[PDB]
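A.B. asks: So here's model.txt (compact mmCIF, C-alpha atoms and all ligand atoms).
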# COMPACT_ATOMS: atom_id res chain seq x y z
CA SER A 10 47.89 -28.50 -19.63
CA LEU A 11 47.70 -28.87 -15.83
CA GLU A 12 48.79 -25.24 -16.02
CA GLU A 13 45.67 -24.49 -18.05
CA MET A 14 43.23 -26.34 -15.80
CA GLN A 15 44.73 -24.75 -12.68
CA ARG A 16 44.49 -21.23 -14.02
CA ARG A 17 40.89 -22.17 -14.76
CA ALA A 18 39.97 -23.44 -11.31
CA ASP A 19 41.54 -20.32 -9.82
CA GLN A 20 39.45 -18.04 -11.99
CA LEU A 21 36.27 -19.88 -11.06
CA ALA A 22 37.22 -19.84 -7.34
CA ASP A 23 37.91 -16.12 -7.48
CA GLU A 24 34.53 -15.57 -9.12
CA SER A 25 32.70 -17.73 -6.60
CA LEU A 26 34.11 -15.58 -3.83
CA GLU A 27 33.14 -12.46 -5.78
CA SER A 28 29.66 -13.86 -6.08
CA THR A 29 29.30 -14.39 -2.32
CA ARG A 30 30.44 -10.85 -1.71
CA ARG A 31 27.62 -9.60 -3.93
CA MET A 32 25.12 -11.97 -2.29
CA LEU A 33 25.97 -10.34 1.04
CA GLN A 34 25.52 -6.84 -0.28
CA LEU A 35 22.21 -7.83 -1.98
CA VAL A 36 20.86 -9.48 1.13
CA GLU A 37 21.84 -6.40 3.13
CA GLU A 38 19.81 -3.94 1.05
CA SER A 39 16.89 -6.40 1.12
CA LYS A 40 17.00 -6.44 4.91
CA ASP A 41 17.22 -2.66 4.85
CA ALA A 42 14.28 -2.46 2.42
CA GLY A 43 12.32 -4.92 4.53
CA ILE A 44 12.73 -2.96 7.76
CA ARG A 45 11.78 0.23 5.90
CA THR A 46 8.61 -1.52 4.64
CA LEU A 47 7.52 -2.76 8.08
CA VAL A 48 7.99 0.76 9.42
CA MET A 49 5.84 2.40 6.70
CA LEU A 50 3.12 -0.29 7.16
CA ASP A 51 3.10 0.70 10.84
CA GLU A 52 2.95 4.43 10.17
CA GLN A 53 0.22 3.89 7.52
CA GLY A 54 -1.69 1.52 9.76
CA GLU A 55 -1.98 4.36 12.29
CA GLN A 56 -3.20 6.65 9.51
CA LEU A 57 -5.82 4.03 8.66
CA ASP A 58 -7.11 3.91 12.25
CA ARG A 59 -7.45 7.66 12.28
CA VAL A 60 -9.34 7.38 9.02
CA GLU A 61 -11.58 4.69 10.44
CA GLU A 62 -12.10 6.71 13.61
CA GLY A 63 -13.25 9.57 11.35
CA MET A 64 -15.80 7.35 9.58
CA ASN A 65 -17.23 6.44 13.02
CA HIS A 66 -17.56 10.12 14.00
CA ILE A 67 -19.21 11.02 10.70
CA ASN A 68 -21.63 8.17 11.31
CA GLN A 69 -22.54 9.52 14.78
CA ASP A 70 -22.97 13.07 13.57
CA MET A 71 -25.18 12.03 10.63
CA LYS A 72 -27.55 10.42 13.08
CA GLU A 73 -27.96 13.86 14.66
CA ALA A 74 -28.52 15.51 11.31
CA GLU A 75 -31.10 12.81 10.60
CA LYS A 76 -32.72 13.36 14.02
CA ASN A 77 -32.72 17.14 13.50
CA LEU A 78 -33.80 16.92 9.85
CA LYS A 79 -36.78 14.74 10.81
CA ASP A 80 -37.78 17.06 13.64
CA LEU A 81 -38.83 19.55 10.97
CA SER B 28 30.07 -28.47 0.74
CA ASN B 29 26.62 -28.50 -0.85
CA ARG B 30 25.74 -29.50 2.68
CA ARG B 31 25.27 -25.79 3.27
CA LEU B 32 24.97 -24.36 -0.24
CA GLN B 33 21.90 -26.37 -1.17
CA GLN B 34 20.43 -25.63 2.27
CA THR B 35 20.88 -21.89 1.72
CA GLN B 36 19.50 -22.08 -1.80
CA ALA B 37 16.45 -23.85 -0.50
CA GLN B 38 15.81 -21.23 2.20
CA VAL B 39 16.02 -18.53 -0.52
CA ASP B 40 13.42 -20.12 -2.80
CA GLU B 41 11.02 -20.17 0.14
CA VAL B 42 11.46 -16.51 1.04
CA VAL B 43 10.98 -15.90 -2.68
CA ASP B 44 7.71 -17.81 -2.70
CA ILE B 45 6.48 -15.98 0.40
CA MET B 46 7.43 -12.59 -1.07
CA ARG B 47 5.77 -13.20 -4.44
CA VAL B 48 2.56 -13.79 -2.48
CA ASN B 49 3.20 -10.63 -0.45
CA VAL B 50 3.74 -8.70 -3.66
CA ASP B 51 0.35 -10.03 -4.82
CA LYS B 52 -1.23 -8.85 -1.60
CA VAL B 53 0.20 -5.33 -1.79
CA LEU B 54 -1.15 -5.06 -5.30
CA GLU B 55 -4.59 -5.75 -3.80
CA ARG B 56 -3.83 -3.14 -1.14
CA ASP B 57 -2.95 -0.83 -4.03
CA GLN B 58 -6.30 -1.23 -5.75
CA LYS B 59 -8.28 -0.95 -2.54
CA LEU B 60 -6.45 2.21 -1.53
CA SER B 61 -6.98 3.60 -4.99
CA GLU B 62 -10.67 3.07 -4.57
CA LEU B 63 -10.73 4.57 -1.08
CA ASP B 64 -8.79 7.60 -2.24
CA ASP B 65 -11.64 8.19 -4.75
CA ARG B 66 -14.33 7.55 -2.12
CA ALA B 67 -12.75 9.81 0.52
CA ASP B 68 -12.42 12.60 -2.00
CA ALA B 69 -16.09 12.35 -3.04
CA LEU B 70 -16.97 12.23 0.67
CA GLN B 71 -15.08 15.43 1.39
CA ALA B 72 -16.83 17.02 -1.58
CA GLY B 73 -20.24 15.80 -0.44
CA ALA B 74 -19.74 16.81 3.21
CA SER B 75 -18.64 20.25 2.08
CA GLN B 76 -21.89 20.75 0.21
CA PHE B 77 -23.98 19.41 3.13
CA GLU B 78 -22.30 21.97 5.40
CA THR B 79 -23.36 24.75 3.04
CA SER B 80 -26.96 23.45 2.98
CA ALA B 81 -27.08 23.23 6.76
CA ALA B 82 -25.74 26.77 7.07
CA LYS B 83 -28.59 27.95 4.80
CA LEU B 84 -31.14 25.88 6.59
CA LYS B 85 -30.08 27.35 9.95
CA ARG B 86 -30.50 30.86 8.60
CA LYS B 87 -33.90 29.95 7.22
CA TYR B 88 -35.19 28.42 10.49
CA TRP B 89 -33.25 30.86 12.69
CA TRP B 90 -35.56 30.26 15.66
CA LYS B 91 -34.66 26.59 15.87
CA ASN B 92 -31.73 25.59 18.05
CA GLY C 139 41.28 -22.71 5.27
CA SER C 140 42.91 -19.83 3.40
CA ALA C 141 42.27 -16.16 4.14
CA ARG C 142 39.89 -16.11 1.20
CA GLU C 143 38.76 -19.74 1.46
CA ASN C 144 37.39 -18.69 4.86
CA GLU C 145 35.78 -15.55 3.45
CA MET C 146 33.84 -17.85 1.12
CA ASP C 147 32.53 -19.86 4.07
CA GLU C 148 31.73 -16.97 6.42
CA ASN C 149 30.05 -14.97 3.65
CA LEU C 150 27.66 -17.84 2.99
CA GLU C 151 27.11 -18.51 6.67
CA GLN C 152 26.16 -14.85 7.11
CA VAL C 153 24.00 -14.80 3.97
CA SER C 154 22.05 -17.84 5.23
CA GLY C 155 21.68 -16.04 8.57
CA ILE C 156 20.32 -12.87 7.02
CA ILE C 157 17.96 -14.89 4.81
CA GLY C 158 16.45 -16.11 8.08
CA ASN C 159 15.71 -12.54 9.09
CA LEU C 160 14.26 -11.78 5.66
CA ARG C 161 11.91 -14.80 5.98
CA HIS C 162 10.69 -13.48 9.31
CA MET C 163 10.03 -10.03 7.77
CA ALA C 164 8.25 -11.57 4.77
CA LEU C 165 5.90 -13.27 7.22
CA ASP C 166 5.22 -10.10 9.24
CA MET C 167 4.74 -8.18 6.02
CA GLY C 168 2.02 -10.42 4.64
CA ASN C 169 0.21 -10.74 7.96
CA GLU C 170 0.21 -6.96 8.22
CA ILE C 171 -0.87 -6.53 4.63
CA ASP C 172 -3.80 -8.95 5.25
CA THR C 173 -4.99 -7.31 8.45
CA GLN C 174 -4.88 -3.91 6.74
CA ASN C 175 -6.61 -5.19 3.60
CA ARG C 176 -9.57 -6.18 5.76
CA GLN C 177 -9.53 -2.86 7.56
CA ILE C 178 -9.48 -1.00 4.23
CA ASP C 179 -12.50 -3.03 3.20
CA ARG C 180 -14.36 -2.26 6.40
CA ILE C 181 -13.41 1.42 5.97
CA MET C 182 -14.92 1.53 2.45
CA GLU C 183 -18.20 0.03 3.50
CA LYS C 184 -18.26 2.68 6.26
CA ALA C 185 -17.45 5.45 3.81
CA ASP C 186 -20.13 4.06 1.54
CA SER C 187 -22.67 4.21 4.35
CA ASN C 188 -21.63 7.78 5.23
CA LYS C 189 -21.65 8.93 1.61
CA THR C 190 -25.27 7.76 1.33
CA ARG C 191 -26.50 9.45 4.48
CA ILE C 192 -24.74 12.63 3.36
CA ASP C 193 -26.14 12.50 -0.17
CA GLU C 194 -29.52 11.98 1.42
CA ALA C 195 -29.40 14.48 4.28
CA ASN C 196 -28.41 16.94 1.58
CA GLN C 197 -31.52 16.30 -0.53
CA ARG C 198 -33.91 16.73 2.39
CA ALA C 199 -31.88 19.74 3.44
CA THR C 200 -32.18 21.31 0.00
CA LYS C 201 -35.89 20.56 -0.39
CA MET C 202 -36.59 22.58 2.76
CA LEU C 203 -34.77 25.60 1.35
CA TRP C 204 -37.77 26.16 -0.91
CA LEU D 192 37.88 -28.89 -11.81
CA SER D 193 34.56 -30.72 -12.12
CA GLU D 194 33.63 -30.15 -8.48
CA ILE D 195 34.84 -26.63 -9.11
CA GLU D 196 33.01 -26.35 -12.42
CA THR D 197 29.64 -27.35 -10.96
CA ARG D 198 30.00 -25.83 -7.52
CA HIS D 199 30.54 -22.52 -9.31
CA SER D 200 27.26 -22.85 -11.19
CA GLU D 201 25.52 -23.66 -7.95
CA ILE D 202 27.01 -20.50 -6.43
CA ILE D 203 25.76 -18.30 -9.28
CA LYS D 204 22.43 -20.09 -9.34
CA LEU D 205 22.12 -19.00 -5.70
CA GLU D 206 23.19 -15.45 -6.36
CA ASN D 207 20.61 -15.14 -9.16
CA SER D 208 17.96 -16.42 -6.78
CA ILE D 209 19.14 -13.77 -4.40
CA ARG D 210 18.96 -11.07 -7.05
CA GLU D 211 15.31 -11.94 -7.45
CA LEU D 212 14.49 -11.85 -3.73
CA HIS D 213 16.36 -8.49 -3.55
CA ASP D 214 14.16 -7.26 -6.38
CA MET D 215 10.93 -8.10 -4.55
CA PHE D 216 12.07 -6.51 -1.33
CA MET D 217 12.95 -3.31 -3.24
CA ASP D 218 9.67 -3.28 -5.25
CA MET D 219 7.63 -4.06 -2.11
CA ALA D 220 9.17 -1.03 -0.38
CA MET D 221 8.61 1.20 -3.43
CA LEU D 222 5.00 0.07 -3.57
CA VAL D 223 4.22 0.80 0.12
CA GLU D 224 5.91 4.20 -0.12
CA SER D 225 3.85 4.89 -3.24
CA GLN D 226 0.66 3.68 -1.59
CA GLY D 227 1.44 6.03 1.29
CA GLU D 228 0.81 8.98 -1.07
CA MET D 229 -2.81 7.93 -1.41
CA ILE D 230 -3.22 7.21 2.25
CA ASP D 231 -2.39 10.71 3.34
CA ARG D 232 -4.64 12.17 0.66
CA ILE D 233 -7.36 9.88 2.08
CA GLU D 234 -6.60 10.93 5.66
CA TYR D 235 -6.59 14.57 4.55
CA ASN D 236 -10.00 14.28 2.81
CA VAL D 237 -11.59 12.40 5.73
CA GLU D 238 -10.30 14.94 8.20
CA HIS D 239 -12.06 17.69 6.26
CA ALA D 240 -15.14 15.55 5.74
CA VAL D 241 -15.27 15.04 9.52
CA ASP D 242 -14.99 18.77 10.18
CA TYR D 243 -17.61 19.75 7.51
CA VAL D 244 -20.12 17.36 9.06
CA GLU D 245 -19.41 18.46 12.64
CA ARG D 246 -20.18 21.98 11.53
CA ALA D 247 -23.30 20.91 9.69
CA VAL D 248 -24.98 19.51 12.84
CA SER D 249 -23.43 21.71 15.51
CA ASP D 250 -25.40 24.93 15.51
CA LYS E 32 -35.49 27.32 -12.16
CA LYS E 33 -31.96 28.77 -12.00
CA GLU E 34 -31.46 26.01 -9.42
CA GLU E 35 -31.59 23.17 -11.92
CA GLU E 36 -28.82 24.97 -13.77
CA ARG E 37 -26.73 24.29 -10.64
CA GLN E 38 -27.55 20.62 -10.16
CA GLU E 39 -26.13 20.47 -13.69
CA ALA E 40 -22.98 22.24 -12.55
CA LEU E 41 -22.70 19.73 -9.71
CA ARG E 42 -23.48 16.61 -11.77
CA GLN E 43 -20.99 17.61 -14.42
CA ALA E 44 -18.38 18.49 -11.81
CA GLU E 45 -18.70 14.99 -10.35
CA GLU E 46 -18.47 13.39 -13.79
CA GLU E 47 -15.14 15.22 -13.95
CA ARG E 48 -14.03 14.44 -10.39
CA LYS E 49 -14.71 10.83 -11.31
CA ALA E 50 -12.90 11.28 -14.63
CA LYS E 51 -9.73 12.46 -12.85
CA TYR E 52 -9.83 9.43 -10.57
CA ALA E 53 -10.46 6.98 -13.39
CA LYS E 54 -7.34 8.20 -15.22
CA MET E 55 -5.36 7.81 -11.98
CA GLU E 56 -6.58 4.25 -11.57
CA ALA E 57 -5.59 3.20 -15.12
CA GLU E 58 -2.15 4.64 -14.58
CA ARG E 59 -1.83 2.62 -11.34
CA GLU E 60 -2.98 -0.60 -13.01
CA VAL E 61 -0.29 -0.24 -15.67
CA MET E 62 2.40 -0.22 -12.99
CA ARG E 63 0.61 -3.11 -11.24
CA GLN E 64 0.68 -5.16 -14.40
CA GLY E 65 4.30 -4.27 -14.99
CA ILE E 66 5.11 -5.68 -11.57
CA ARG E 67 2.84 -8.65 -12.32
CA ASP E 68 4.70 -9.72 -15.45
CA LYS E 69 8.00 -9.12 -13.76
CA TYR E 70 7.16 -11.83 -11.23
CA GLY E 71 4.62 -14.10 -12.86
CA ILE E 72 1.21 -13.31 -11.40
MG MG A 301 -2.66 -1.53 12.77
MG MG A 302 -10.96 16.98 -3.64
Please render this file's structure as structure tokens.

C.D. replies:
Amino acid sequence: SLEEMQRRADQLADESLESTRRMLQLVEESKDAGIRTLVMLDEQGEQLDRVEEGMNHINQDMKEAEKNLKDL
Amino acid sequence: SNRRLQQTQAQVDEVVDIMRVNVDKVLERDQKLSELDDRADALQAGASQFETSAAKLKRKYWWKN
Amino acid sequence: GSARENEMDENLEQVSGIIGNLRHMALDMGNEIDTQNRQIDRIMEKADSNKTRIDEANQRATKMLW
Amino acid sequence: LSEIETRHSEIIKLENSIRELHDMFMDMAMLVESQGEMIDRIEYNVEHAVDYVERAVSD
Amino acid sequence: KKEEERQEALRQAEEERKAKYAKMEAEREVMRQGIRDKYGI
């Protein structure tokens, strides 16, 4: 049955190699997805600053409306 | 050997732990953004109305700069 | 040391290498998410302050149109 | 065959762990792209809010 | 007079603007929970 055991160890060795090939592919997409995520966080972070800058302007302008409004 | 396999497995469980935390943080980001999207939309609606009131007010007190 | 016995080794060596990059990105990710989460909070308190002044300047504004 | 029997399980155990990490990286990216939809609706509304207010006090 | 009829228009329009954003939020939370289960959170 050495024949049997051998044909068995070969099958499991072939599958272990197959597994590492998939691991590589999986880890590659992950890296790809990760880089894509860091890029969108950057792009969105800039959007957030522009939004915050807009809140600051609105704040400044409302003081003027308040100043004007009172002066009536 | 396992001298490298167990090492690799270990460094995977860590990146998994770190990412599950990150996923928890982006879900907070998700809720905050959802709230801000509501707030900024009300804000645009409220500013729009204020601009119409001001326009009327300026016509009413047309001698005021 | 076979053609495929080496593929098994190199595949793993490369996987472990890439996992190192992933770890580094997972750390940037979270630090960026945190910074931004605080900024989104600050931005909502600001929007809340602005909303109020606008809801109020509007009342006064409207009362004078009578 | 024993060393081969177990080592193989280890190998798959690792792959499965990697399937999970892959999952999270993919979902994280989907989430940030999704959240980006809200962010430019927010940026759009604030941009108009800014302009409506500038007009309100700039006569 | 005919002005209060407007404040009504406005108040009801906001109850609706807020309704449309409350439905959006629930739909987001469902996906958030889905992701939560998926990873144990
Ligand atoms: Mg930034
Ligand atoms: Mg709107």

A.B. asks: Step by step, measure atom-to-atom distances between ligand MG 302 (chain A) and each residue using all atoms listed in the file, keep those at most 8 Å, then write them as number ranges by chain.

C.D. replies: B: 68-69, 71-72; D: 236; E: 48

A.B. asks: Using all atoms listed in the file, find each protein or nucleic acid residue lying at most 7 Å from ligand MG 301 (chain A); present the set as a JSON list (two decimals) with C-alpha atoms, keeping the file's coordinate frame.

C.D. replies:
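Result went into pocket18.json, see below:
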[["chain", "number", "residue", "atom", "x", "y", "z"],
["A", 51, "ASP", "CA", 3.10, 0.70, 10.84],
["A", 54, "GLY", "CA", -1.69, 1.52, 9.76],
["A", 55, "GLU", "CA", -1.98, 4.36, 12.29],
["C", 174, "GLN", "CA", -4.88, -3.91, 6.74]]

A.B. asks: Work out how far apart atom CA of residue C:198 and atom CA of residue A:63 are and give it in Å to one decimal.

C.D. replies: 23.6 Å

A.B. asks: I'd like the interatomic distance between atom CA of residue E:59 and atom CA of residue B:63, to a tenth of an Å.

C.D. replies: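 That distance, rounded to one decimal, is 13.7 Å.
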
A.B. asks: Near chain A, meaning an atom within 10 Å, which residues of chain B appear when counting only C-alpha atoms? Write them as a PDB file with C-alpha atoms, keeping the file's coordinate frame.

C.D. replies:
ATOM      1  CA  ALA B  67     -12.750   9.810   0.520  1.00  0.00           C
ATOM      2  CA  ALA B  74     -19.740  16.810   3.210  1.00  0.00           C
ATOM      3  CA  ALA B  81     -27.080  23.230   6.760  1.00  0.00           C
ATOM      4  CA  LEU B  84     -31.140  25.880   6.590  1.00  0.00           C
ATOM      5  CA  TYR B  88     -35.190  28.420  10.490  1.00  0.00           C
ATOM      6  CA  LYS B  91     -34.660  26.590  15.870  1.00  0.00           C
ATOM      7  CA  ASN B  92     -31.730  25.590  18.050  1.00  0.00           C
TER       8      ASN B  92
END

A.B. asks: Could you list, as a JSON list (two decimals) with C-alpha atoms, keeping the file's coordinate frame, every residue of chain C that has an atom within 7 Å of an atom of chain B, counting all atoms listed in the file?

C.D. replies:
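What follows is the written file out09.json:
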[["chain", "number", "residue", "atom", "x", "y", "z"],
["C", 154, "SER", "CA", 22.05, -17.84, 5.23],
["C", 157, "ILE", "CA", 17.96, -14.89, 4.81],
["C", 161, "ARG", "CA", 11.91, -14.80, 5.98],
["C", 164, "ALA", "CA", 8.25, -11.57, 4.77],
["C", 168, "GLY", "CA", 2.02, -10.42, 4.64],
["C", 171, "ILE", "CA", -0.87, -6.53, 4.63],
["C", 175, "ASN", "CA", -6.61, -5.19, 3.60],
["C", 178, "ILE", "CA", -9.48, -1.00, 4.23],
["C", 182, "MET", "CA", -14.92, 1.53, 2.45],
["C", 189, "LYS", "CA", -21.65, 8.93, 1.61],
["C", 192, "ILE", "CA", -24.74, 12.63, 3.36],
["C", 193, "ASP", "CA", -26.14, 12.50, -0.17],
["C", 196, "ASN", "CA", -28.41, 16.94, 1.58],
["C", 199, "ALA", "CA", -31.88, 19.74, 3.44],
["C", 200, "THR", "CA", -32.18, 21.31, 0.00],
["C", 203, "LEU", "CA", -34.77, 25.60, 1.35]]

A.B. asks: Please, can stretch 32-61 of chain A be completed to N, CA and C atoms and returned as a JSON list (two decimals), in the coordinates of the input?

C.D. replies:
[["chain", "number", "residue", "atom", "x", "y", "z"],
["A", 32, "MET", "N", 26.26, -11.40, -2.99],
["A", 32, "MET", "CA", 25.12, -11.97, -2.29],
["A", 32, "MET", "C", 24.88, -11.27, -0.95],
["A", 33, "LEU", "N", 25.98, -10.99, -0.26],
["A", 33, "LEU", "CA", 25.97, -10.34, 1.04],
["A", 33, "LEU", "C", 25.44, -8.94, 0.90],
["A", 34, "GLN", "N", 25.99, -8.18, -0.04],
["A", 34, "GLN", "CA", 25.52, -6.84, -0.28],
["A", 34, "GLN", "C", 24.01, -6.87, -0.64],
["A", 35, "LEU", "N", 23.61, -7.75, -1.56],
["A", 35, "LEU", "CA", 22.21, -7.83, -1.98],
["A", 35, "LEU", "C", 21.28, -8.13, -0.81],
["A", 36, "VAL", "N", 21.68, -9.09, 0.01],
["A", 36, "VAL", "CA", 20.86, -9.48, 1.13],
["A", 36, "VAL", "C", 20.82, -8.38, 2.18],
["A", 37, "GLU", "N", 21.82, -7.52, 2.19],
["A", 37, "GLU", "CA", 21.84, -6.40, 3.13],
["A", 37, "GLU", "C", 20.83, -5.31, 2.75],
["A", 38, "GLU", "N", 20.77, -4.96, 1.48],
["A", 38, "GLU", "CA", 19.81, -3.94, 1.05],
["A", 38, "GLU", "C", 18.39, -4.45, 1.29],
["A", 39, "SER", "N", 18.17, -5.72, 0.95],
["A", 39, "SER", "CA", 16.89, -6.40, 1.12],
["A", 39, "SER", "C", 16.43, -6.25, 2.58],
["A", 40, "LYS", "N", 17.33, -6.55, 3.51],
["A", 40, "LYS", "CA", 17.00, -6.44, 4.91],
["A", 40, "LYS", "C", 16.62, -4.99, 5.15],
["A", 41, "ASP", "N", 17.48, -4.08, 4.70],
["A", 41, "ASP", "CA", 17.22, -2.66, 4.85],
["A", 41, "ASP", "C", 15.84, -2.29, 4.26],
["A", 42, "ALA", "N", 15.56, -2.77, 3.05],
["A", 42, "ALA", "CA", 14.28, -2.46, 2.42],
["A", 42, "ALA", "C", 13.12, -3.06, 3.21],
["A", 43, "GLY", "N", 13.35, -4.26, 3.74],
["A", 43, "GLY", "CA", 12.32, -4.92, 4.53],
["A", 43, "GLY", "C", 11.99, -4.13, 5.78],
["A", 44, "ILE", "N", 13.00, -3.72, 6.55],
["A", 44, "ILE", "CA", 12.73, -2.96, 7.76],
["A", 44, "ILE", "C", 11.98, -1.68, 7.39],
["A", 45, "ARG", "N", 12.43, -1.00, 6.34],
["A", 45, "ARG", "CA", 11.78, 0.23, 5.90],
["A", 45, "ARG", "C", 10.29, -0.01, 5.58],
["A", 46, "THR", "N", 9.99, -1.16, 4.98],
["A", 46, "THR", "CA", 8.61, -1.52, 4.64],
["A", 46, "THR", "C", 7.76, -1.75, 5.91],
["A", 47, "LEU", "N", 8.28, -2.51, 6.86],
["A", 47, "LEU", "CA", 7.52, -2.76, 8.08],
["A", 47, "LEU", "C", 7.25, -1.45, 8.82],
["A", 48, "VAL", "N", 8.19, -0.52, 8.75],
["A", 48, "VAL", "CA", 7.99, 0.76, 9.42],
["A", 48, "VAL", "C", 6.88, 1.58, 8.73],
["A", 49, "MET", "N", 6.89, 1.67, 7.40],
["A", 49, "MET", "CA", 5.84, 2.40, 6.70],
["A", 49, "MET", "C", 4.46, 1.73, 6.90],
["A", 50, "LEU", "N", 4.40, 0.40, 6.92],
["A", 50, "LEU", "CA", 3.12, -0.29, 7.16],
["A", 50, "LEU", "C", 2.60, 0.13, 8.53],
["A", 51, "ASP", "N", 3.49, 0.27, 9.49],
["A", 51, "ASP", "CA", 3.10, 0.70, 10.84],
["A", 51, "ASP", "C", 2.57, 2.14, 10.83],
["A", 52, "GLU", "N", 3.35, 3.03, 10.24],
["A", 52, "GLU", "CA", 2.95, 4.43, 10.17],
["A", 52, "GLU", "C", 1.60, 4.59, 9.45],
["A", 53, "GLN", "N", 1.44, 3.87, 8.34],
["A", 53, "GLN", "CA", 0.22, 3.89, 7.52],
["A", 53, "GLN", "C", -0.95, 3.23, 8.23],
["A", 54, "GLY", "N", -0.65, 2.19, 8.99],
["A", 54, "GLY", "CA", -1.69, 1.52, 9.76],
["A", 54, "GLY", "C", -2.29, 2.52, 10.75],
["A", 55, "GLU", "N", -1.47, 3.39, 11.33],
["A", 55, "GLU", "CA", -1.98, 4.36, 12.29],
["A", 55, "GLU", "C", -2.85, 5.36, 11.55],
["A", 56, "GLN", "N", -2.42, 5.73, 10.34],
["A", 56, "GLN", "CA", -3.20, 6.65, 9.51],
["A", 56, "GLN", "C", -4.57, 6.02, 9.23],
["A", 57, "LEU", "N", -4.58, 4.72, 8.93],
["A", 57, "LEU", "CA", -5.82, 4.03, 8.66],
["A", 57, "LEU", "C", -6.78, 4.04, 9.86],
["A", 58, "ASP", "N", -6.26, 3.89, 11.07],
["A", 58, "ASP", "CA", -7.11, 3.91, 12.25],
["A", 58, "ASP", "C", -7.71, 5.30, 12.40],
["A", 59, "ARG", "N", -6.91, 6.31, 12.15],
["A", 59, "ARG", "CA", -7.45, 7.66, 12.28],
["A", 59, "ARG", "C", -8.54, 7.84, 11.23],
["A", 60, "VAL", "N", -8.34, 7.26, 10.05],
["A", 60, "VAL", "CA", -9.34, 7.38, 9.02],
["A", 60, "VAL", "C", -10.58, 6.65, 9.51],
["A", 61, "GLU", "N", -10.42, 5.41, 9.95],
["A", 61, "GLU", "CA", -11.58, 4.69, 10.44],
["A", 61, "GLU", "C", -12.24, 5.45, 11.57]]
